[PDB]
Amino acid sequence: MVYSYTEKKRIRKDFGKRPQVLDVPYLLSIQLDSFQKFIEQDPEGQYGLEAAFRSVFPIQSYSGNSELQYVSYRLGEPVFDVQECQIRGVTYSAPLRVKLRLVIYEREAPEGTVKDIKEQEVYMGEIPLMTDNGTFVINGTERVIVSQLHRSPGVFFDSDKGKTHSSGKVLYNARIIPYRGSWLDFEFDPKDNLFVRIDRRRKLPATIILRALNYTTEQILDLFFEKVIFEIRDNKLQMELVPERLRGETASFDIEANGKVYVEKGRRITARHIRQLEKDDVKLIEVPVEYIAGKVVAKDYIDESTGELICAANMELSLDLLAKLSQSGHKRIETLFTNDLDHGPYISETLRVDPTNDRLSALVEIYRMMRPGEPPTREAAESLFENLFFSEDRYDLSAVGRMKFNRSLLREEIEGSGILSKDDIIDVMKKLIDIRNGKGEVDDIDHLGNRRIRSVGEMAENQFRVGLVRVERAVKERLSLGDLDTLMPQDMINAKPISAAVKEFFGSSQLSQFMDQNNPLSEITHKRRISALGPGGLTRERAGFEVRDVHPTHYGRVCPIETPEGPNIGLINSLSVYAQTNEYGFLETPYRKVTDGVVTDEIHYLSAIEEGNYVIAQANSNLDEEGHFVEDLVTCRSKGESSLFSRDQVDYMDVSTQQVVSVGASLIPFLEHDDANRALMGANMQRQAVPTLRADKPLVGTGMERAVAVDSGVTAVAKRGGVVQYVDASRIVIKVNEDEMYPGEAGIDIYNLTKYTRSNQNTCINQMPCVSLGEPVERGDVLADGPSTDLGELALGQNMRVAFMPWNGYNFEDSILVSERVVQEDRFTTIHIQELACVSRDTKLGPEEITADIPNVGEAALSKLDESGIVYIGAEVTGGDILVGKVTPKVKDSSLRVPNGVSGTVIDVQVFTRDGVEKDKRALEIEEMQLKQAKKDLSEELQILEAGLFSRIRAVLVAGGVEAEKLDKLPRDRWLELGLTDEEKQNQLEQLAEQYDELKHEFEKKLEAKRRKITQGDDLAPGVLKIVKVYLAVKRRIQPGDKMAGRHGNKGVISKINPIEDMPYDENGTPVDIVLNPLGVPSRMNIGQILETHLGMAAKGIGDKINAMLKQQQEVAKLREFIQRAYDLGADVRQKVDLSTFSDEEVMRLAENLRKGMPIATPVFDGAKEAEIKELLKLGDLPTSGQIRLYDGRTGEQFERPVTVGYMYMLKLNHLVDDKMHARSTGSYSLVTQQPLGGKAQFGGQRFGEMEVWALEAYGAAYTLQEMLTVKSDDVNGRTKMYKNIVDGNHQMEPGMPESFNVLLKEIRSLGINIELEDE
Amino acid sequence: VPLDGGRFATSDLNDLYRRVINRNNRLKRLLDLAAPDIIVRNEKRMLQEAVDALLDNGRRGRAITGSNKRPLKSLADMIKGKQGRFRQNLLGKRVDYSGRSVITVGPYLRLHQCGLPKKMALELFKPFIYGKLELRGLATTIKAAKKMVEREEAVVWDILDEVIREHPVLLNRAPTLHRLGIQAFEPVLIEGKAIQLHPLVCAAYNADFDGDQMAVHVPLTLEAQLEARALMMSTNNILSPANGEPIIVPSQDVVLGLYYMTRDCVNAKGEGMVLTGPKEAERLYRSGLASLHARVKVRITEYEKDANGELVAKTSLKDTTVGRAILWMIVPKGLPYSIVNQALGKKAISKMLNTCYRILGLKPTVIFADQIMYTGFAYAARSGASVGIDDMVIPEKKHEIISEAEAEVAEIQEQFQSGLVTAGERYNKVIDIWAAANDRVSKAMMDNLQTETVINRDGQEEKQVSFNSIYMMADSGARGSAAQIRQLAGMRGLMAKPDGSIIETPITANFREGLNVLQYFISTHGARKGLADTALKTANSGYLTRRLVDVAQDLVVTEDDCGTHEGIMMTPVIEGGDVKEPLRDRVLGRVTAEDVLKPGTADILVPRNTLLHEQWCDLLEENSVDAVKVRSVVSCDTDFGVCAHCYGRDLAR
DNA sequence: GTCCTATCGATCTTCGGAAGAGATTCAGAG
DNA sequence: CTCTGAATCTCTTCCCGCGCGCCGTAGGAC
Ligand SMILES: [Mg+2]
Ligand SMILES: [Zn+2]
């Protein structure tokens, strides 16, 4: 057994029992391997930019009769890396270069070119790149593309009751949904006439398509219907009985011959009669003329002699018609079999709607129904009809759509073309008619086998296609008209349409979300959201219980708990922990192979429609350490049904008890106990915790923290193994070991940590070291904590000591009462960093300046600016302080002032300048910083190679060919001028001194390039001269009104900040830190929070025994004994750990991190039994009831009965109150109508909205209302007369008439509608 | 308007008029230059099709756009509907002198107060503050007083605490379904930043305290203060508008405390002695000499208001408990002690409070309600009424009840395994076997909770009502009655599929114990349905209330008595057998339509237009009356309104 | 690079809203 | 031959507050 060097510092005591056979996949492979799938070229041309190019090129005009064609593409390295790009505020992007070859043919000749011109990689655009954290950077702002989930291409059959006609019956419908191009709907009319339409246009008679494919009705009838024949021999019109065509229906008429009668008139027909029908060989039989007089004919019948019609396919027969046509010599008359149950006549019925004659008349009807007002025309019509279904420019089932289609038509194969074909539509019709004949089933729409995930590497491939589609339309014309003589490919194309397409996508699409960089969980659970909304999806306002609800295939694929309750429940889901995207995009999830009777430890991923074909055991099911099930019969799910089945009947097993959830819920301990309301609100509140100041560890967790904090990319992780060379909380630098070094390198990995910086939500993000100088580290160890982490565990909140009890009502209803001790400790203080910016311009009156020489202001304000016109770093500032002394010509003091209300310390400034514009000493101050920071880190390589190279001189001197009359005092390349002879050592000296010079020249260009990065200005917007951004850090504390939450979806405002003496304290005199209310636990059934408290209490107790054993100077062998006795506690828990191997050093180093509570894991559905919590509390010296008697610090009286006390984990949420408290006396008003502005970002007035006005009207209160909506609001006179009457204290109003109502009058009178006020 | 740098905001109409005027410039040209019919029919079409845009863009074949297919908002799009003047700016509009904050509970408030932050009061009341600094002559005028407020000088608070000293401020949450959703309170100043609201009133707002923001408005004029104090002040609104039922209905912790205070425990310290009054009952409690729920006898006095309305005071021994003696001290002097002499719970105390309003009236009732609140909080504190997992009680018969029912389900299965029962019958009987198990588990668990308390009566054990923590909360009506405790420790029971059809194998577990993965996953088909319903419903409910006020708003009570003799007839609603509502629900407080006779003949009982107030409806309940004819607003023959008598009792008064 | 003039007058606006009601379109017949 | 039934089309409605976040005419000709 082994633990990595960052595990072996706080080995979380694990209570899990099921052995985790599959370790959690890298939590963002959803995203990264999607974008990698876009960006890689791939000669198997599907997927990626290359697939899109090969979707358009080769490209040509017929009249140009020449082409240009895509050869290959290259993607250059990005002009600025992520860190610098996120400073400079551009987007992190890469230049796209494409080998286009233009080919010039000739007339008359064979096509052999007159010339062709490979343009040496024409520039095509700048595609953004994904950062390894899975995020794009789009205008310095960091953005995330959520995966979409939408209806896969294919064919889908559907039906409903009551939603249509409601006379008990149901109507059936088929759709073909291509990936790109037109939708085709087939549907029956109630009277089972069949109809078709494109793109939800008008309804058409369905055979109009078969007509359009030029089947005659005779052929259609041979495609759809079974034949029944009459042979006019042995007697007039004998009949071809196929026996099985009579079963269950009544023999209402005479059928007999030759010996035993099968079934006489009026009786059902059955098997024994059919067998007698077979044994008599009923190949022809006598039937009454009423039977033939029922028929509809199959085939066309002219009279050959007159040459003229008597009957036609699907025309209906009668005795006299039969007589004349058989009399005309047509001795075989042929018709259809149409039993109403099994063979309904729907296509013949459709031929009774049909207005068409034949192909052309249908194409006429198509073109007139689709493009009303354009002329139909034989040469023109096909340029509609073919581009509906048969042409690549406008119809495309991708490979997934073809697969799904073929699977539903039960085809043998799935390598198929993306267009339809005649037989491809006909098969849909046949399958739809089988459904109406009752012999088939409709698909469940909302099934994760019918909806597939699209992620970034596919949405961007489509938007890039829209680009190439608009270049198609330009380049075809330019090629067709062009001379082909001077044009080269970089004339043929230009980037602007591609760049528009892809930049608008990544910038502004409904799915290019601005990342919730709130804390490391919220980064991740956002990068793996599954969204039903957006382009090609549904809409949040326009769906109902059919899709919001969970479905049985969600299990293991989508988390049922973690969805953002509100107007879009379940239109957003979170992709479950273990789930994965299949090749095609369907969600698939891993299961264990059950081989005969033993659970084999191999995992097969199952998609949602493989799963229904097996029976799959629930993850809890026990096994015998050989791996046979222990239970003789076991719970499994099967076909959405679940029940018990035999041992060795079951065929797959779940991989882990965590498989059903997302990371967002998988982090709740004891989730096994909570109402799924309160699980949901928990798993939504964890992603809102703001990173507190001094974050640590949850004492009770699930062991998922060790993964969320690492995979979220925000802790800095050791890229290669080695030893820590230096640390200073800004840099960490690692001497990588030679077993993982690359041979020419210096061999030294710096990590410049990010310090105090705004998150996208204004919380700070300073990384801090966890290493010590000279400490060893191994690849993948956490070197530095992120925000909200410590030692690499996720740590959103603080393990506050809580007791559950009423307290004089301060924790009524939900509220949290808090002791002053928590605020004094800086437990929940949090740092909020704002960014304020002053732009400056080349305006129409002339160019602005930044200066201290501001007009109309004296040193009373300017004392905080430097001499340049920017605030000093470390200035502490408040409302109205001038941060940046901008001024405008013709001079106007327009300068950046700190907005009202806010306050903070100015932690940093940045300065950006156009080209050809002068700097200033705060630009030179920033240059001095950044230059020096680049140069230092470069020197720490050049120094290391210089030292190595002079050793490489010294050693091969000192070992042999010594010249050491004096040695180390000398400049170690002046060592060359010593008198060594022209034996090889002097030539080694000369060569290695040339290697030393070239080592200098190497950095002599590397530092020049770096300084050239810093020396330059930046790509400002048009009009601006320069911009400066100034950052205010605020250390906000905690106060009444702030919100805190547990993990269990318990939440409250904190209501009072009680002084320590008022907190309850125990029989040992320690006060409780928080007092939660009890009644929320039964009333909202989230009792898992109690077991977290008790297990938390035990967690404190073990640290309590350890801390005592470190204050007392216990020897390690006794201390190790107690720690070991803690890890081995409980049943056959999964984990094993041997402090015997920890070398004493690391036992003390471990104890020094347990000494405030042993951290515990309670994996989600696999937790501690109660009997193991008691066992831990007994190992501490604690009361196993979990409860303690408490006393009230207001009197020292005892409380009656003990109360729960223990260490809950509590999160401060980002809804803290000073960010919401607001009030307005008077200020701005809007221009169009004079009502007040609305906001906090503007000094706004609260909306006395519509419902409040009914509320006043429902008291008698008329004067209040009159005021509220005029004098206080709108009447431009009355409010200034009111204000003066109030300062005069007159308490009287003059109410007038609101100017917004006069706006209405003019806006009506701006129609030709004379509205007017009237007098009497 | 210009925006960020030298760019005009795309100001839609000016793009529409621009279309028109361009087209008109061309059409004047091509008319005067005398173009042929086909050309002028072109421009004339394009002009008509442009003025079409300017009036009501998008009633055309397609709305015209100037961006990524954003339709430009035309005039008629400015008038109508949810973003247009009538709803957006006329009917309700933003207002000055307002602010908002997170509310938080303030237990010490008297019912009429709320605390609001000094920062807000100072930024809200500014006009009134200047109206004192000039009146002190301490500031020269606005120009100085503005600065003197900005500097936040030491005087200003003593001025503020004179400005505000009794100026009602209006607090309302949003949405605000009903009149009780805006109320006025006298403010009291606070150091923090939250609005301290009164505990009992949070229920009216449906203000939970979990971070639920609330807006405040100052009324400016004298008339707005007189309306606020007379009508909207919380003391004037103890009743619902909708039904004769209090809205001050006690907060869960208050009723928990009063339940705990008034129980009897058959063994206690100081049990069985005899006392001369509540005051020495309290000395006995507070010194720790008697336990609060100990049995005792006390001398009591109580008061009754006679047939005239004047007090008769009476005195007796009473047999009771220490805590019922202490609680009697809070009741105003006119109620009978028989209302307190019982272990109180949420229904029992609501009627307590209601009877106070019945007998004394409003002004004592609001103070009595305040005292109840303070009392309940204080004894609920001493009670230490915690919750703890050792207090979840599982009846061990549960194990047998499953192990029995499982085989009987398998009997239904074995018949099915022999074809001996139909595919419908197998299912619809199995789910009834699970129901028969579930009722038994629930019944055994409620018996076990009551069973957990038994104690020595100085010799031999005897049982009493269980002090088990979760059972106090159910049996008091604080929170979480039968349907919750059943799930916490009984069984979770049957669950339903998405299409409502029932699961063949229930959740026989409960949240004290673990759900396995499947039981949990099926559990979410419940809860996610219930959340989808909430988020989906909250639209249609609002569109319903809109349609209603916007049809009802034309009515006002406008005559005293329209003079009808017509009306409609009220009976208990008798259906499905028994009566689902009695007559005293329907008829109370309407006026009689016609003379109401004695059951029988010729004896009249109520004159023909008398309000049937409570003493009349109790009288009808003394009689064998079944049907009563009353006036109803549908029959009131007032034109353009309703007469008062036809409407009858005002429920809030 | 700036200023002025115009929109697919050589396509393709999205299927995944329901409803609920009206205006407007057609049966079986006196 | 069109008169009362019914049939397909479009129009209109869809909680209240609130807080962030960003993003914001183009193309051609002189
Ligand atoms: Mg709330
Ligand atoms: Zn009336």
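- Readers searching the PDB will find this entry under the title "E. coli 70S-RNAP expressome complex in uncoupled state 1".

- Taken from UniProt, the Subunit comment for chain A reads in full: "The RNAP catalytic core consists of 2 alpha, 1 beta, 1 beta' and 1 omega subunit. When a sigma factor is associated with the core the holoenzyme is formed, which can initiate transcription."
- We quote the UniProt Sequence similarities comment for chain A here in full: "Belongs to the RNA polymerase beta chain family."

Here's the deal with the overall build of chain B
- Secondary structure assignment for chain B yields 23 helices and 20 strands.
- A compact globule built from 653 residues should have a C-alpha radius of gyration of about 26 Å, whereas chain B, at 35 Å, is more than 25% larger.
- Taken over the C-alpha atoms alone, chain B extends approximately 120 × 95 × 70 Å along its principal axes.
- Pairs at least 24 residues apart make up 64% of the contacts formed inside chain B by residues separated by at least 6 positions.
- By element, 52% of the accessible surface of chain B is carried by carbon and sulfur atoms, the whole surface being about 32500 Å².

Looking at the overall build of chain A
- Check the secondary structure of chain A and you find 35 helices and 67 strands.
- Taking the principal axes of its C-alpha atoms as reference, chain A extends roughly 130 × 110 × 90 Å.
- The burial tally for chain A puts 53% of its 1320 residues in the buried class.
- Separation between the mean location of the 167 positive side-chain charges and that of the 209 negative ones in chain A comes to 2 Å.

Description of the protein's contact with DNA strand D
- Taken together, the neighbourhood of DNA strand D is formed by 19 residues, with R143 and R1247 of chain A together with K82, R87 and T538 of chain B sitting nearest.
- A share of 87% of the atoms of DNA strand D within 4 Å of the protein falls on sugar and phosphate groups.
- A distance of 3.3 Å is found between a phosphate oxygen of DNA strand D and a side-chain nitrogen or oxygen belonging to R94 of chain B.
- Within the backbone of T538 of chain B, one N or O atom sits 3.2 Å away from a base nitrogen of DNA strand D.
- Considering each element in turn, the surface near DNA strand D owes the most residues, four residues, to helix α20 (residues 517-552) of chain B.
- The class makeup of the residues in the surface near DNA strand D is five nonpolar, six polar and eight charged.

Considerations on the coordination of the zinc ion (ligand 2)
All names here are of chain B.
- Protein-derived ligands of the zinc ion (ligand 2) are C562 (SG), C636 (SG), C643 (SG) and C646 (SG), with the metal-ligand distances lying across 1.9 to 2.2 Å.
- Here the zinc ion (ligand 2) binds four donor atoms, and the angle range of 102 to 120° at the metal identifies the geometry as tetrahedral.
- All donors to the zinc ion (ligand 2) come from one chain, and their sequence spacing reads C-x73-C-x6-C-x2-C. Across the pair, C643 and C636 agree in class, each one buried.

Let's talk about the environment of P743 of chain A
- Looking at the secondary structure, you find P743 of chain A in the loop between β39 (731-736) and β40 (749-752).
- Residue class for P743 of chain A comes out exposed when judged on its relative accessible area of 82%.

Notes on the interface of chain B and chain A
- With 133 residues of chain B at the interface, the matching set in chain A holds 134 residues.
- In total, about 12300 Å² of surface goes out of reach between chain B and chain A, with carbon and sulfur atoms giving 61% of it.
- Taken together, chain B and chain A are joined by 11 salt bridges.
- As a salt-bridge pair, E1197 of chain A and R382 of chain B come within 3.9 Å of each other at their nearest N and O atoms.

As for the protein's contact with DNA strand C
All names here are of chain A.
- Lining the immediate surroundings of DNA strand C are 13 residues, of which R151, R175, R371, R394 and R542 lie closest.
- Sugar and phosphate atoms constitute 42% of the interface atoms of DNA strand C, taking the interface as everything within 4 Å of the protein.
- Here a phosphate oxygen of DNA strand C and a side-chain polar atom of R175 are 3.1 Å apart.
- One of the side-chain nitrogen or oxygen atoms of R451 is found 3.1 Å away from a base oxygen of DNA strand C.
- Of the residues in the surface near DNA strand C, the class split is two nonpolar, no polar and 11 charged.

Here's the deal with the pattern of salt bridges
Residue and element names in this part refer to chain A.
- Across all of its chains, the model carries 113 salt bridges over all chains by this definition.
- Between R542 and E541 there is a salt bridge, with its nearest N and O atoms 3.4 Å apart.
- When its relative accessible area of 59% is taken as the criterion, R542 is described as exposed.
- Taken together, the shared-partner salt bridges in this structure form one network comprising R175, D185, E187, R197 and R200.

Section: the side chain of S348 of chain A
Residues and elements named next belong to chain A.
- Along the chain, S348 falls in helix α9 (residues 346-353).
- For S348, the side chain forms a polar contact with the side chain of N314, separated by 2.7 Å.
- Leaving out residues up to four positions away in the same chain, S348 has contacts with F225 and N314.

A short note on the packing of aromatic side chains
- In total, this model carries 26 aromatic pairs over all chains according to the counting rule given.
- Relative to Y337 of chain B, the ring of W328 of chain B has its centre 5.5 Å away and its plane inclined at 45°; by these criteria the two rings are tilted. Each member of the pair, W328 of chain B as well as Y337 of chain B, is classed as buried.
- The rings of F35, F38, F136, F505 and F506 of chain A are connected pair by pair, giving a single aromatic cluster.
- Lying across the ring of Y810 of chain A, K1056 of chain A places its NZ or CZ 4.9 Å from the centre.
- The cationic tip of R263 of chain B hangs over the ring face of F467 of chain B; the distance from NZ or CZ to the ring centre is 4.1 Å.

A look at the pairing of strand β5 (residues 182-190) of chain B
Residues and elements named next belong to chain B.
- Across the nine residues that make up β5, a large majority, seven, are buried.
- As defined by bridge partners, strand β3 (residues 113-117) adjoins β5 across five bridges and the pair is classed as parallel. Within β5, the position partnered with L116 by the bridge is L189.
- Strand direction decides the pairing type here: strand β4 (residues 169-172) and β5, joined by four bridges, are antiparallel. What sits directly across from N172, in β5, is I182.

A word on the coordination of the magnesium ion (ligand 1)
- Taken together, the protein ligands of the magnesium ion (ligand 1) are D208 of chain B (OD), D208 of chain B (OD) and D210 of chain B (OD), with distances of 1.8 to 2.1 Å.
- Note on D208 of chain B: relative accessible area 24%, which makes it partly exposed.

About the criteria used
- Residues numbered from 1 in each chain as written, not as in the entry; some residues may be left out.
- Chains lettered and ligands numbered in written order.
- Part of a larger assembly, values for the part shown.
- Heavy atoms only, no water.
- UniProt positions renumbered as here; feature names shortened; annotations may be inferred.
- Helix = DSSP H or I, 4+ residues; strand = E, 2+ residues; numbered from the N terminus.
- Rg over C-alpha atoms; globule rule 2.2 N^0.38 Å.
- Contact = heavy atoms within 4.5 Å.
- Areas by Shrake-Rupley, 256 points an atom, 1.4 Å probe, with all protein chains shown as cover.
- Buried < 20%, exposed > 50% of the residue type's maximum accessible area, 1.4 Å probe, protein only.
- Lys, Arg positive; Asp, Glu negative; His and termini not counted.
- Charge placed at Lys NZ, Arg CZ, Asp CG, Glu CD.
- Near = heavy atom within 4 Å.
- Polar contact = N/O pair within 3.5 Å; in protein donor to acceptor, adjacent residues only side chain to side chain.
- Nonpolar A, V, L, I, M, F, W, Y, C, P; charged D, E, K, R; others polar.
- Donors = N, O, S within 2.8 Å, 3.2 Å for Na, K, Ca; no water.
- Tetrahedral: all angles 85-135°; square planar, octahedral: opposite > 155°, others 65-115°.
- Buried area = accessible area lost by both parts, 1.4 Å probe.
- Salt bridge = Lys/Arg side-chain N within 4 Å of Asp/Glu carboxyl O.
- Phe/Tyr/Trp six-rings, centres within 6.5 Å; stacked < 30°, edge-to-face > 60°.
- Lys NZ or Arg CZ within 6 Å of the ring centre and 35° of its normal.
- Pairing = 2+ DSSP bridges.

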